[PDB]
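**Student:** Pasting a structure below so you can have a look.
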Amino acid sequence: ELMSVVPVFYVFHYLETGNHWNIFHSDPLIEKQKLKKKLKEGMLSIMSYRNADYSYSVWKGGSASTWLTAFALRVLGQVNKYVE
Amino acid sequence: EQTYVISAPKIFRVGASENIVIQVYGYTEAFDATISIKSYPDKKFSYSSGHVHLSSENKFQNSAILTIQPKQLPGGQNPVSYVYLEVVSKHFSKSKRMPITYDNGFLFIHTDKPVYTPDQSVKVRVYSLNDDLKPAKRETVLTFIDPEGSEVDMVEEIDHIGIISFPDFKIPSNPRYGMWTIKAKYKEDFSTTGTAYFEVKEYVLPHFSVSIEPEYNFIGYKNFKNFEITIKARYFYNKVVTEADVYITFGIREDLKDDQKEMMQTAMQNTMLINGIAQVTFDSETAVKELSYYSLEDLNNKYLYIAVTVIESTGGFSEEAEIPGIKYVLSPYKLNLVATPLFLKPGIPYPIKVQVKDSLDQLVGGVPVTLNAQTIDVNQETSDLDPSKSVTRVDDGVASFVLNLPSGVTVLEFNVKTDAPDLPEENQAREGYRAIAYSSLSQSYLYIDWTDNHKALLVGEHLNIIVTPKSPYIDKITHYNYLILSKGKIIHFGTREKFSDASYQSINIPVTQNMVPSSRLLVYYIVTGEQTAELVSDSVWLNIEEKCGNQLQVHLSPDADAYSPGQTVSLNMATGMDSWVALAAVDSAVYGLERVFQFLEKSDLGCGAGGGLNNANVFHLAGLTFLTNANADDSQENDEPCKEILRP
């Protein structure tokens, strides 16, 4: 569920930092919204794997893991520059 | 004698257009007045002003429309809590401290389905109106609240047309199941909020759908000895299980929010399913003997939790079902008062209309109700009345009584009580109320009587109201003056002269498209003596029909009672004028809404069906305030969470 927000992000890390918003035949401010759409949809996908102590568990209802939390903080700590 | 009544709504709304009606009496030389809202507590900054001409052709009555815009109020560190409604002319200069609110407009959030499953899109659009019931054209900031109370998504959108279409909220592939909440909000200047609830439920599909459809949805005195419960199971459209094995268990519950259930570990039945249907019974009294409870006085407002596991004989599958609660009710009825003000008029009959609702809110007709009354006059001398019975009629569930009260009544203590034939008189529903007479120095009253009380008023037709005074100075009355309120805004006023020696007269009033959901009508007169004058007032609440301003209707062509899966049909919309029509085709099996006029009427200020303890309570309970020479308002502007009904 974290691999559904990653390839939207590394496209958004390209068209914004490199400033390549001159490709689309549509309005580029509009197509930027649909990319920031999926970066906001995918942020919700691991809202459900978060425990009560704000810790991330691998399976649904399973025990918490230090591996996934470090991977949940790697992914979410990168979306912060583009989605609040 | 020269008096004036300047009628304003009880609470100014910021951004609205409030109508301020001034009526002066006992004048001959025409003149003018300036109604102006000044600031508080300084009277320096004038928000808006008006100019009215009180001349003879207007019958000395006019109205200015005032407006407090949100861009003229100091926000941030505080909201403004009071203003001054100030009037100045060459004959009078008064001012009154008026509270203001920011609660401007309405926000209806409309999702398509109430219940969603994972990986589905929540469609959502907001119907935004202002407090004059027109497209508000303000920006709205939706908020998505999960069961964990988190701001999981806050989307905002600008309005142009009144219908604010939002992007579709995508429920994830693994969501947090439970009740969600959408909270709409204007981004600036206003504390208007709208709230819509939906549910996210996990989709699992059964081998066969087991339903538990019991006898009644509440248990009192007749199902307390035997309660027939029916269990049905079927694979598909008509494929029904042939044999199965049924195990039932029961438990007592307090309420549906506390999910602890104390099971009765003796009433676990075991039956057999025969081609779909098994009828089981539950003797409740002998089974609740553990956790004693001993009676129907106890177990009152408690629930019954019925769990059922149907195990299929052939394949070996075991589908579970449940009922969350069947309320163990003491009496099968709830009594309230529909459209009866609890205020008397001395010498004038008192109409009482009670309503018998069952314990899941249905209008149970044919239910005999008995009324006993007690006259407590001024000298604290209780006098008993004759009891009167009547029958609850089945169309609206409302029984009807009339008490002809003696001339010197002060407090009526009447107690209603059901007289059903096959219930004990400890399981009959009863209620007790207390009505207080209208008080006035130099005892003089007004009783305005709506002619067709039983049926709703049709727009375009004419309201006919019969006005009776009960003064000792009847031949001093000159004019009857009225005000018509709708959605907390004065929409009409006028003055019919009194026919000189007719003891009572009738006023004819046209009902228009201003007063569509309902309306109030406050009539008064002025009886002047050698003392200060006094306004003598009374009001009613009207019931005008639901006729929208441009009648939309939709149709399907061809209109058949059965269609084909894949059939191309045409939707034929037809309005009265230009409009933006919002369409929604929802699978109707989800319901097992869009009621709006029972929520859009919550802009009305003041409650009850009229009346008051004194003069100013009539103005206050109608959603008005005023400033005169004759009387003062002196009304405490407290909360008062009143709960009146007004409608069948």
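Letters A, B, ... mark the chains of the structure tokens in the order given; residue numbers begin at 1 per chain; ligand numbers begin at 1, in order shown.
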Could you give me, as CSV, a per-residue list for chain A showing, wherever an atom lies at most 8 Å from an atom of chain B, the closest pair of atoms and their distance in Å to one decimal, using only C-alpha atoms and sorting by chain then residue number from low to high?

**Tutor:**
residue,atom,partner,partner_atom,distance
A:41,CA,B:170,CA,7.0
A:44,CA,B:172,CA,7.0
A:45,CA,B:172,CA,5.7
A:47,CA,B:175,CA,7.8
A:48,CA,B:176,CA,5.6

**Student:** Within 12 Å of residue B:133, counting only C-alpha atoms, which residues qualify if same-chain residues fewer than 3 places away don't, as a ChimeraX atom specification?

**Tutor:** /B:16-17,104-107,127-130,136-137,162,486-487,489,514-517,548-549,597,600-601,603

**Student:** Run DSSP on the backbone and give me the residues of stretch 255-464 of chain B it puts in strand (DSSP E), as a tab-separated table (two decimals) with N, CA, C and O atoms, in the first residue's frame.

**Tutor:**
chain	number	residue	atom	x	y	z
B	262	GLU	N	-25.27	-8.80	28.65
B	262	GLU	CA	-25.30	-9.81	29.69
B	262	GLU	C	-26.23	-10.92	29.21
B	262	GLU	O	-27.45	-10.80	29.27
B	263	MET	N	-25.63	-12.01	28.73
B	263	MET	CA	-26.39	-13.07	28.09
B	263	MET	C	-27.17	-13.88	29.12
B	263	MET	O	-26.73	-14.07	30.25
B	269	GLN	N	-32.00	-21.66	22.53
B	269	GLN	CA	-32.86	-22.61	21.86
B	269	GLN	C	-32.08	-23.36	20.78
B	269	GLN	O	-30.91	-23.09	20.52
B	270	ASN	N	-32.77	-24.30	20.14
B	270	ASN	CA	-32.19	-25.08	19.05
B	270	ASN	C	-33.35	-25.63	18.23
B	270	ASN	O	-34.08	-26.50	18.71
B	271	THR	N	-33.52	-25.12	17.02
B	271	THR	CA	-34.59	-25.55	16.14
B	271	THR	C	-34.01	-26.02	14.81
B	271	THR	O	-32.79	-26.11	14.64
B	272	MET	N	-34.90	-26.32	13.88
B	272	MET	CA	-34.54	-26.85	12.57
B	272	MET	C	-35.21	-26.01	11.49
B	272	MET	O	-36.37	-25.62	11.64
B	273	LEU	N	-34.48	-25.74	10.41
B	273	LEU	CA	-35.01	-24.96	9.31
B	273	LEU	C	-35.65	-25.89	8.28
B	273	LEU	O	-35.08	-26.92	7.93
B	274	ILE	N	-36.84	-25.53	7.82
B	274	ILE	CA	-37.62	-26.36	6.90
B	274	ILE	C	-37.92	-25.49	5.68
B	274	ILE	O	-38.91	-24.74	5.68
B	277	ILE	N	-37.96	-21.26	6.55
B	277	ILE	CA	-38.67	-20.53	7.59
B	277	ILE	C	-38.79	-21.40	8.83
B	277	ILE	O	-39.28	-22.54	8.76
B	278	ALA	N	-38.32	-20.88	9.97
B	278	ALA	CA	-38.59	-21.43	11.28
B	278	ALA	C	-39.16	-20.34	12.18
B	278	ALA	O	-38.58	-19.26	12.30
B	279	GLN	N	-40.29	-20.63	12.83
B	279	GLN	CA	-40.91	-19.70	13.75
B	279	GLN	C	-40.56	-20.14	15.16
B	279	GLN	O	-40.95	-21.22	15.59
B	280	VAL	N	-39.83	-19.30	15.88
B	280	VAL	CA	-39.48	-19.58	17.27
B	280	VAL	C	-40.18	-18.57	18.15
B	280	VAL	O	-40.59	-17.49	17.71
B	281	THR	N	-40.36	-18.94	19.42
B	281	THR	CA	-40.96	-18.05	20.41
B	281	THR	C	-40.01	-17.88	21.57
B	281	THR	O	-39.17	-18.74	21.86
B	303	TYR	N	-32.87	-3.30	26.09
B	303	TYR	CA	-32.89	-3.92	24.78
B	303	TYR	C	-32.75	-5.43	24.89
B	303	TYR	O	-32.39	-5.97	25.93
B	304	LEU	N	-33.03	-6.10	23.77
B	304	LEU	CA	-32.86	-7.54	23.65
B	304	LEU	C	-31.97	-7.80	22.44
B	304	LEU	O	-32.26	-7.34	21.34
B	305	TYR	N	-30.89	-8.54	22.66
B	305	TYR	CA	-29.90	-8.82	21.63
B	305	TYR	C	-30.07	-10.27	21.18
B	305	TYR	O	-29.74	-11.19	21.93
B	306	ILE	N	-30.58	-10.46	19.97
B	306	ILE	CA	-30.88	-11.79	19.45
B	306	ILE	C	-29.80	-12.16	18.44
B	306	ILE	O	-29.70	-11.53	17.38
B	307	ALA	N	-29.01	-13.17	18.77
B	307	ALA	CA	-27.99	-13.70	17.87
B	307	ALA	C	-28.46	-15.04	17.35
B	307	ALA	O	-29.05	-15.83	18.09
B	308	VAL	N	-28.19	-15.30	16.07
B	308	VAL	CA	-28.67	-16.48	15.36
B	308	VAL	C	-27.54	-16.99	14.48
B	308	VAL	O	-26.97	-16.23	13.70
B	309	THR	N	-27.22	-18.27	14.61
B	309	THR	CA	-26.31	-18.95	13.70
B	309	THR	C	-27.06	-20.07	13.01
B	309	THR	O	-27.45	-21.05	13.65
B	310	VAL	N	-27.25	-19.93	11.71
B	310	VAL	CA	-27.93	-20.92	10.88
B	310	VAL	C	-26.85	-21.74	10.20
B	310	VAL	O	-26.07	-21.22	9.40
B	311	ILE	N	-26.78	-23.03	10.51
B	311	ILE	CA	-25.79	-23.92	9.92
B	311	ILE	C	-26.46	-24.78	8.88
B	311	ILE	O	-27.38	-25.54	9.19
B	312	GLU	N	-25.99	-24.67	7.64
B	312	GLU	CA	-26.58	-25.39	6.52
B	312	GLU	C	-26.31	-26.88	6.64
B	312	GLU	O	-25.21	-27.30	7.01
B	318	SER	N	-22.13	-22.02	7.66
B	318	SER	CA	-22.69	-21.50	8.91
B	318	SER	C	-22.71	-19.98	8.84
B	318	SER	O	-21.69	-19.33	9.11
B	319	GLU	N	-23.84	-19.41	8.47
B	319	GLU	CA	-23.96	-17.96	8.35
B	319	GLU	C	-24.61	-17.39	9.61
B	319	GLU	O	-25.60	-17.93	10.11
B	320	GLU	N	-24.04	-16.30	10.11
B	320	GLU	CA	-24.47	-15.68	11.35
B	320	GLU	C	-25.30	-14.44	11.05
B	320	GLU	O	-25.12	-13.78	10.03
B	321	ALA	N	-26.22	-14.13	11.96
B	321	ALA	CA	-26.99	-12.90	11.88
B	321	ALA	C	-27.22	-12.41	13.30
B	321	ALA	O	-26.90	-13.10	14.28
B	322	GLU	N	-27.78	-11.21	13.41
B	322	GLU	CA	-28.00	-10.59	14.71
B	322	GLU	C	-29.02	-9.48	14.59
B	322	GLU	O	-29.27	-8.95	13.50
B	323	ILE	N	-29.63	-9.14	15.72
B	323	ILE	CA	-30.42	-7.93	15.88
B	323	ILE	C	-29.76	-7.13	17.00
B	323	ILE	O	-29.46	-7.69	18.05
B	327	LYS	N	-36.41	-2.95	21.88
B	327	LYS	CA	-36.54	-2.21	23.13
B	327	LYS	C	-37.65	-2.81	23.98
B	327	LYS	O	-38.80	-2.92	23.53
B	328	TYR	N	-37.31	-3.21	25.20
B	328	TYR	CA	-38.29	-3.66	26.17
B	328	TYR	C	-39.02	-2.44	26.70
B	328	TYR	O	-38.53	-1.74	27.58
B	333	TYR	N	-47.00	3.44	23.93
B	333	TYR	CA	-47.32	4.74	23.37
B	333	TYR	C	-46.48	5.84	24.02
B	333	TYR	O	-46.03	5.72	25.16
B	334	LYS	N	-46.30	6.92	23.27
B	334	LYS	CA	-45.72	8.16	23.78
B	334	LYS	C	-46.65	9.30	23.41
B	334	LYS	O	-47.01	9.46	22.24
B	335	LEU	N	-47.03	10.10	24.40
B	335	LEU	CA	-47.95	11.21	24.20
B	335	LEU	C	-47.21	12.53	24.20
B	335	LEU	O	-46.31	12.75	25.01
B	336	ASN	N	-47.59	13.41	23.27
B	336	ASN	CA	-47.08	14.77	23.24
B	336	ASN	C	-48.21	15.69	22.83
B	336	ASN	O	-49.34	15.26	22.63
B	337	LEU	N	-47.90	16.97	22.73
B	337	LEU	CA	-48.87	17.99	22.38
B	337	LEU	C	-48.54	18.59	21.02
B	337	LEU	O	-47.50	19.24	20.87
B	343	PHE	N	-50.54	28.46	26.96
B	343	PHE	CA	-50.95	29.76	27.47
B	343	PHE	C	-52.44	29.91	27.25
B	343	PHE	O	-52.95	29.56	26.18
B	344	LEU	N	-53.13	30.42	28.25
B	344	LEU	CA	-54.57	30.59	28.18
B	344	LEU	C	-54.93	32.02	27.80
B	344	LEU	O	-54.10	32.93	27.80
B	350	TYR	N	-59.97	26.87	25.15
B	350	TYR	CA	-58.60	26.40	25.05
B	350	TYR	C	-58.55	25.10	24.27
B	350	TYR	O	-58.99	24.05	24.79
B	351	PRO	N	-58.07	25.10	23.03
B	351	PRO	CA	-58.04	23.86	22.25
B	351	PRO	C	-56.76	23.08	22.49
B	351	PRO	O	-55.65	23.61	22.36
B	352	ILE	N	-56.91	21.81	22.82
B	352	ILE	CA	-55.80	20.90	23.09
B	352	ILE	C	-55.84	19.79	22.06
B	352	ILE	O	-56.91	19.25	21.77
B	353	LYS	N	-54.68	19.46	21.50
B	353	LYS	CA	-54.54	18.42	20.49
B	353	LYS	C	-53.34	17.57	20.87
B	353	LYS	O	-52.20	18.00	20.70
B	354	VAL	N	-53.60	16.38	21.40
B	354	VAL	CA	-52.52	15.48	21.78
B	354	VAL	C	-52.30	14.49	20.66
B	354	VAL	O	-53.16	14.27	19.81
B	355	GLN	N	-51.13	13.87	20.67
B	355	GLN	CA	-50.73	12.95	19.63
B	355	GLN	C	-50.19	11.69	20.26
B	355	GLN	O	-49.32	11.75	21.14
B	356	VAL	N	-50.69	10.55	19.83
B	356	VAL	CA	-50.28	9.26	20.37
B	356	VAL	C	-49.32	8.65	19.38
B	356	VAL	O	-49.72	8.15	18.32
B	357	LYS	N	-48.03	8.73	19.69
B	357	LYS	CA	-47.00	8.06	18.92
B	357	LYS	C	-46.61	6.77	19.63
B	357	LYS	O	-46.47	6.74	20.85
B	358	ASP	N	-46.42	5.71	18.85
B	358	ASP	CA	-45.93	4.47	19.43
B	358	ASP	C	-44.44	4.62	19.72
B	358	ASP	O	-43.81	5.62	19.37
B	368	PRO	N	-57.97	5.47	22.52
B	368	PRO	CA	-58.78	6.41	23.31
B	368	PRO	C	-57.95	7.13	24.37
B	368	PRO	O	-57.29	6.50	25.20
B	369	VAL	N	-58.01	8.46	24.34
B	369	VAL	CA	-57.26	9.33	25.24
B	369	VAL	C	-58.25	10.06	26.12
B	369	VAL	O	-59.28	10.53	25.64
B	370	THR	N	-57.93	10.18	27.41
B	370	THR	CA	-58.80	10.81	28.39
B	370	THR	C	-58.11	12.04	28.95
B	370	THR	O	-56.92	12.00	29.27
B	371	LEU	N	-58.85	13.14	29.07
B	371	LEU	CA	-58.33	14.40	29.57
B	371	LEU	C	-59.02	14.78	30.87
B	371	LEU	O	-60.25	14.88	30.91
B	372	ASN	N	-58.24	14.98	31.92
B	372	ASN	CA	-58.72	15.53	33.18
B	372	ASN	C	-58.04	16.87	33.39
B	372	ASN	O	-56.86	17.03	33.08
B	374	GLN	N	-57.89	20.83	35.77
B	374	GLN	CA	-58.04	21.49	37.06
B	374	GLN	C	-57.85	22.98	36.90
B	374	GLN	O	-56.78	23.42	36.46
B	375	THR	N	-58.86	23.76	37.28
B	375	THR	CA	-58.77	25.22	37.27
B	375	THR	C	-58.24	25.71	38.60
B	375	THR	O	-58.91	25.57	39.63
B	376	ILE	N	-57.05	26.30	38.59
B	376	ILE	CA	-56.50	27.00	39.74
B	376	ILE	C	-56.62	28.48	39.45
B	376	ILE	O	-55.81	29.04	38.70
B	377	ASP	N	-57.61	29.14	40.04
B	377	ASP	CA	-57.85	30.55	39.75
B	377	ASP	C	-56.87	31.42	40.54
B	377	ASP	O	-55.86	30.94	41.07
B	382	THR	N	-58.37	25.38	43.71
B	382	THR	CA	-58.47	24.37	42.67
B	382	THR	C	-59.92	23.96	42.46
B	382	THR	O	-60.62	23.53	43.38
B	383	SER	N	-60.37	24.08	41.21
B	383	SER	CA	-61.70	23.63	40.83
B	383	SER	C	-61.54	22.55	39.77
B	383	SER	O	-60.77	22.72	38.83
B	384	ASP	N	-62.27	21.45	39.94
B	384	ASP	CA	-62.16	20.32	39.03
B	384	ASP	C	-63.12	20.47	37.86
B	384	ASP	O	-64.23	20.99	38.00
B	388	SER	N	-63.11	14.46	29.82
B	388	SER	CA	-63.57	14.31	28.45
B	388	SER	C	-62.64	13.37	27.71
B	388	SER	O	-61.42	13.52	27.77
B	389	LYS	N	-63.22	12.40	27.02
B	389	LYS	CA	-62.48	11.42	26.24
B	389	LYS	C	-62.67	11.69	24.76
B	389	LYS	O	-63.65	12.31	24.35
B	390	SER	N	-61.72	11.21	23.96
B	390	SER	CA	-61.80	11.34	22.52
B	390	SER	C	-60.99	10.22	21.90
B	390	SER	O	-60.27	9.49	22.59
B	391	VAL	N	-61.10	10.07	20.58
B	391	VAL	CA	-60.44	8.98	19.88
B	391	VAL	C	-59.36	9.54	18.97
B	391	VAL	O	-59.60	10.47	18.19
B	398	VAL	N	-53.75	12.29	15.87
B	398	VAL	CA	-53.97	13.42	16.75
B	398	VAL	C	-55.39	13.37	17.28
B	398	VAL	O	-56.35	13.41	16.50
B	399	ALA	N	-55.53	13.27	18.60
B	399	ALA	CA	-56.82	13.42	19.24
B	399	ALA	C	-57.09	14.89	19.52
B	399	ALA	O	-56.17	15.71	19.56
B	400	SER	N	-58.36	15.23	19.73
B	400	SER	CA	-58.76	16.63	19.83
B	400	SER	C	-59.65	16.84	21.05
B	400	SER	O	-60.61	16.10	21.26
B	401	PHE	N	-59.32	17.86	21.84
B	401	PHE	CA	-60.11	18.25	22.99
B	401	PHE	C	-60.29	19.76	22.98
B	401	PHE	O	-59.53	20.48	22.35
B	402	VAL	N	-61.31	20.22	23.70
B	402	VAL	CA	-61.58	21.64	23.89
B	402	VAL	C	-62.08	21.82	25.31
B	402	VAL	O	-62.98	21.10	25.76
B	403	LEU	N	-61.46	22.74	26.04
B	403	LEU	CA	-61.88	23.08	27.39
B	403	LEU	C	-62.46	24.48	27.35
B	403	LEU	O	-61.80	25.41	26.88
B	409	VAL	N	-59.75	32.18	35.28
B	409	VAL	CA	-58.73	31.15	35.34
B	409	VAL	C	-57.35	31.81	35.40
B	409	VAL	O	-57.16	32.93	34.92
B	410	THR	N	-56.42	31.17	36.09
B	410	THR	CA	-55.04	31.62	36.14
B	410	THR	C	-54.05	30.55	35.71
B	410	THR	O	-53.14	30.84	34.93
B	411	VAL	N	-54.23	29.32	36.18
B	411	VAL	CA	-53.34	28.20	35.86
B	411	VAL	C	-54.21	26.98	35.64
B	411	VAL	O	-55.01	26.61	36.50
B	412	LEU	N	-54.06	26.35	34.48
B	412	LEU	CA	-54.76	25.11	34.16
B	412	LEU	C	-53.77	23.97	34.30
B	412	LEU	O	-52.70	23.98	33.69
B	415	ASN	N	-54.01	16.84	32.70
B	415	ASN	CA	-53.23	15.62	32.59
B	415	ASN	C	-53.91	14.69	31.61
B	415	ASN	O	-55.05	14.28	31.84
B	416	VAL	N	-53.22	14.35	30.53
B	416	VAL	CA	-53.74	13.40	29.56
B	416	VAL	C	-53.30	12.01	29.96
B	416	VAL	O	-52.30	11.81	30.66
B	417	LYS	N	-54.06	11.02	29.50
B	417	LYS	CA	-53.84	9.63	29.87
B	417	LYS	C	-54.59	8.74	28.90
B	417	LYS	O	-55.77	8.97	28.65
B	418	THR	N	-53.90	7.75	28.37
B	418	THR	CA	-54.48	6.80	27.44
B	418	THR	C	-55.48	5.89	28.16
B	418	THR	O	-55.31	5.55	29.33
B	430	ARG	N	-49.11	8.16	30.03
B	430	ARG	CA	-49.70	9.36	30.58
B	430	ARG	C	-48.70	10.50	30.52
B	430	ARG	O	-47.48	10.27	30.52
B	431	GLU	N	-49.21	11.72	30.45
B	431	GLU	CA	-48.39	12.93	30.50
B	431	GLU	C	-49.15	14.00	31.27
B	431	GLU	O	-50.38	13.99	31.32
B	432	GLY	N	-48.40	14.92	31.86
B	432	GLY	CA	-48.98	16.02	32.61
B	432	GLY	C	-48.35	17.33	32.21
B	432	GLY	O	-47.13	17.42	32.06
B	435	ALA	N	-50.74	24.92	31.98
B	435	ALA	CA	-50.89	26.09	31.13
B	435	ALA	C	-51.19	27.32	31.99
B	435	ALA	O	-52.02	27.25	32.90
B	436	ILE	N	-50.53	28.43	31.68
B	436	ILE	CA	-50.55	29.64	32.49
B	436	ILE	C	-51.25	30.74	31.70
B	436	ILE	O	-50.97	30.92	30.52
B	437	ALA	N	-52.12	31.49	32.36
B	437	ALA	CA	-52.88	32.52	31.67
B	437	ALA	C	-52.00	33.71	31.31
B	437	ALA	O	-51.00	34.01	31.97
B	446	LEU	N	-56.29	39.44	23.60
B	446	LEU	CA	-56.53	39.27	22.18
B	446	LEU	C	-56.44	37.79	21.85
B	446	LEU	O	-55.55	37.10	22.35
B	447	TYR	N	-57.36	37.31	21.02
B	447	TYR	CA	-57.39	35.91	20.61
B	447	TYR	C	-57.60	35.86	19.10
B	447	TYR	O	-58.71	36.07	18.62
B	448	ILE	N	-56.55	35.56	18.36
B	448	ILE	CA	-56.67	35.43	16.92
B	448	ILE	C	-56.80	33.96	16.57
B	448	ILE	O	-56.12	33.10	17.14
B	449	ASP	N	-57.74	33.65	15.68
B	449	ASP	CA	-58.17	32.28	15.44
B	449	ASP	C	-58.10	31.97	13.96
B	449	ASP	O	-58.86	32.52	13.16
B	450	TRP	N	-57.20	31.07	13.60
B	450	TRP	CA	-57.06	30.60	12.24
B	450	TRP	C	-58.27	29.73	11.88
B	450	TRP	O	-58.68	28.88	12.66
B	462	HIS	N	-56.10	32.66	-0.04
B	462	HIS	CA	-56.24	33.74	0.93
B	462	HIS	C	-56.48	33.15	2.31
B	462	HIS	O	-57.35	32.30	2.49
B	463	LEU	N	-55.69	33.61	3.28
B	463	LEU	CA	-55.89	33.25	4.67
B	463	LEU	C	-56.98	34.11	5.28
B	463	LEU	O	-57.01	35.33	5.10
B	464	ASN	N	-57.87	33.47	6.03
B	464	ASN	CA	-58.97	34.16	6.69
B	464	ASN	C	-58.82	33.94	8.18
B	464	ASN	O	-58.87	32.80	8.65

**Student:** List every residue of chain A that DSSP, applied to the backbone of this structure, assigns to helix (DSSP H, G or I), and report them as a PyMOL selection string.

**Tutor:** chain A and resi 6-17+28-44+66-79

**Student:** Excluding residue A:78 and its own-chain neighbours fewer than 2 positions away, which residues fall within 12 Å of it when counting only C-alpha atoms? Please give them as a PDB file with C-alpha atoms, in the first residue's frame.

**Tutor:**
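Written out: part.pdb:
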ATOM      1  CA  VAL A   5       2.129   6.453  -3.827  1.00  0.00           C
ATOM      2  CA  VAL A   6       5.810   6.011  -4.749  1.00  0.00           C
ATOM      3  CA  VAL A   8       3.321   9.201  -8.392  1.00  0.00           C
ATOM      4  CA  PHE A   9       5.875  10.846  -6.106  1.00  0.00           C
ATOM      5  CA  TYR A  10       9.017  10.308  -8.179  1.00  0.00           C
ATOM      6  CA  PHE A  12       6.155  14.776  -8.989  1.00  0.00           C
ATOM      7  CA  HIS A  13       9.745  15.090  -7.739  1.00  0.00           C
ATOM      8  CA  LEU A  39      -0.240  11.627  -3.712  1.00  0.00           C
ATOM      9  CA  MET A  43      -1.262   8.972   1.845  1.00  0.00           C
ATOM     10  CA  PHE A  71       9.696   2.570   5.765  1.00  0.00           C
ATOM     11  CA  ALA A  72       6.527   4.519   6.551  1.00  0.00           C
ATOM     12  CA  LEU A  73       8.623   7.468   7.698  1.00  0.00           C
ATOM     13  CA  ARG A  74      10.912   7.255   4.670  1.00  0.00           C
ATOM     14  CA  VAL A  75       7.965   7.448   2.267  1.00  0.00           C
ATOM     15  CA  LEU A  76       5.903  10.026   4.169  1.00  0.00           C
ATOM     16  CA  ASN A  80       5.980  16.443   2.784  1.00  0.00           C
ATOM     17  CA  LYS A  81       7.688  18.727   0.257  1.00  0.00           C
ATOM     18  CA  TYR A  82       4.781  18.367  -2.177  1.00  0.00           C
ATOM     19  CA  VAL A  83       1.731  17.428  -0.079  1.00  0.00           C
ATOM     20  CA  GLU A  84       1.304  18.925   3.386  1.00  0.00           C
TER      21      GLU A  84
END

**Student:** Using only C-alpha atoms, which protein or nucleic acid residues come within 10 Å of residue B:165? Drop anything in the same chain fewer than 3 positions from it, and give the result as an NGL selection string.

**Tutor:** :B and (123-127 or 157-159 or 162 or 168 or 582)

**Student:** Would you mind listing what lies within 12 Å of residue A:68 as number ranges by chain, with only C-alpha atoms counted and same-chain residues fewer than 5 positions away left out?

**Tutor:** A: 1-2, 46, 49-50, 55-59, 62-63, 73-76
